[PDB]
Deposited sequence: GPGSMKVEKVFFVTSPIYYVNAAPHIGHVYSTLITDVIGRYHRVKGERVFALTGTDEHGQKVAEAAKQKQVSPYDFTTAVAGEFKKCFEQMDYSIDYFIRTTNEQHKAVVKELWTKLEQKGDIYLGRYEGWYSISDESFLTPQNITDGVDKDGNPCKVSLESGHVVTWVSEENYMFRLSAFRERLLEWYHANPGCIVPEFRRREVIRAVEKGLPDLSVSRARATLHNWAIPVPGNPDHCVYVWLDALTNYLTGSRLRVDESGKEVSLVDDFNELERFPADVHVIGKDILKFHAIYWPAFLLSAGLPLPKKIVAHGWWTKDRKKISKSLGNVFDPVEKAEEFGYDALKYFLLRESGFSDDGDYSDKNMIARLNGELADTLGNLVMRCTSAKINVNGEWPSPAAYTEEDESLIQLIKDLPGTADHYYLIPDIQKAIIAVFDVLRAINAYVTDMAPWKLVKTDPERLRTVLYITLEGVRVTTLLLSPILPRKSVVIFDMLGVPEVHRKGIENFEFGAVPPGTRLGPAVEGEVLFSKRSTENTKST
């Protein structure tokens, strides 16, 4: 059924400035979003900041500033960061928003009315930096430089907690979560993280503390309805951002104008894809579903958990994203982060490797190809020629180009953006090979009729590969299409995934004396 494609990033704690990693998480959200928009679908990509809680309040206290002023200042830093990265996110949500607060209270009330929240105690370990309850099996010894306990997850300092808290009956949802994981084998990606979650829930689930004593949080939280002494767990608050996002009417400015009663009215909920980091799996794959199940809400379709940490600066080389983007280009940096990093994440992010892939792939494979097929030397009429008869070699390359969109489509749907990039560049490599074999520079004179067929296939290969690379290189793809002189209408739509969609006779865009699409960086 047609609904709005809803893709989300996590909302980041605002205890410290934005850094790489927030950027990576949001980039993944932005690319998935962008790709569905080139497919012609309706999209709503969501991002933002997690502003309540003990972690954030104690960061604000440690800088001698009011939480109100602090959450706002850092929230601003994130927005500026994401503006300057040239994303295309539809809305930036803050948990301090008053409509957000309303949704949390509605969601809470439903959980309670369902008979799934009881007054209890939590006596156990807690990681303030992760806002995470941990069992004794998940802690160990470590340093402050004093002897203390630390979380096995993150290595952050853990503390004992003994509070009367409101408890959520998570243990009641073990069997339904297990049905869900199995009946929908694609709900968690990558597959090995799906197996991790299933093992965790198979071992058993305790109930979860969903409130905290107000003293503990420095009164920087959403109050529990019907009990001002308590505050809603920062994570239940935080996870509710997705439901709140799905219910906000937003204007062209990006300001929210209205909170609708029923999520169905905007056709966004539930999320089609939640992009998260490996460090926040349990909240999304265990807790969030259980809350949704309790309240009677539809579950998300997919949670993709990438190989990075969502939130530790220390981690993995020192790497400012805006500084790099000015050093290497924004599109190029995004390409590199997406190409280099898989799910297990064994990535080499050195300037050596960054230069290798820029020079090698972007310049020599893609850049090269675009200049060859638009050169006054080769393309003397500066147009899309009409092709003659196709040789078997021609047809071998045409087939690859024809098959590319189906293959790239599947990868983006996984989603595995790395694999989709590899698939497109595999075709780009083939096109270069074809072009070397055919030596069109010689054909201009030898055989003009042959050059037409070869030039046409090259142009159409370059077009289609660029369409599929457009969620990754949004600014450069526009330049490419301008050089090829592709009409705007043909720059999106599944219709334009088809080989031959730009007709012969189309005129190439005008050249400039100085322009180069990707400039090779100093050899070091």
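In sequence order, the gaps in C-alpha coverage of the deposited chain fall at 1-6, 151-152, 324-328, 538-542.
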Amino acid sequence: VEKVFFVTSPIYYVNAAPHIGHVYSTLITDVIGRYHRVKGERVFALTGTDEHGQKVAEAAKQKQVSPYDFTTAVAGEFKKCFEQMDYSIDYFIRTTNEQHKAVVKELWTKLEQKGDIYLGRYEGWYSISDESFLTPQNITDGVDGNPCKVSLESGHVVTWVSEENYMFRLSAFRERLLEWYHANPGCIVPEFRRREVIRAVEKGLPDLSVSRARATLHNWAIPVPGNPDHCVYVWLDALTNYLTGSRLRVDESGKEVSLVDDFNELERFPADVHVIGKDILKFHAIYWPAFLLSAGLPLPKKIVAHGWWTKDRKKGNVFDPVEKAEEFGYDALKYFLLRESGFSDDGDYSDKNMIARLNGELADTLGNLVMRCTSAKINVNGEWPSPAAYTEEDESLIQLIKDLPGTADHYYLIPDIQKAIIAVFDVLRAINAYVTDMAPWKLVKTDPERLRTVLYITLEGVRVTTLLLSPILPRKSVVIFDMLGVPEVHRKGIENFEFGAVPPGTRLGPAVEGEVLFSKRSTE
From here on, numbers count along this sequence of modelled residues.
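So that the term is clear: the rigid core is the largest set of C-alpha atoms that superpose within 1.5 Å between two forms.
The higher RMS C-alpha distance to the shown form in 9 other deposited structures of this protein, out of 336-344 and 267-275, belongs to 336-344, with every structure fitted on the core.
Taking the rigid core as the alignment reference, the C-alpha atoms of 303-311 lie farther on average from the displayed form in 9 other deposited structures of this protein than those of the other stretch among 303-311 and 393-401.
Per the PDB record, of the two stretches 28-36 and 49-57, 49-57 carries the greater mean B-factor over its C-alpha atoms. Look at the C-alpha B-factors of 61-69 and of 40-48. On average they run higher in 61-69. The residue among 188, 295, 443, 104 whose C-alpha atom has the highest B-factor in the PDB entry is 443. In the deposited coordinates, the residue among 425, 166, 349, 335 with the greatest CA B-factor is 349. Ranked against the other modelled residues of its chain, the C-alpha B-factor of residue 1 as given in the entry falls in the highest third.
Among all modelled residues in its chain, residue 84 ranks in the highest third by Cα B-factor. In this PDB entry, residue 177 carries a Cα temperature factor that places it within the middle third of its chain's modelled residues. In this PDB entry, the Cα temperature factor of residue 211 sits in the bottom third of its chain's modelled residues, the lowest group. Ranked by Cα temperature factor within the chain, residue 309 sits in the highest third according to the deposited record.
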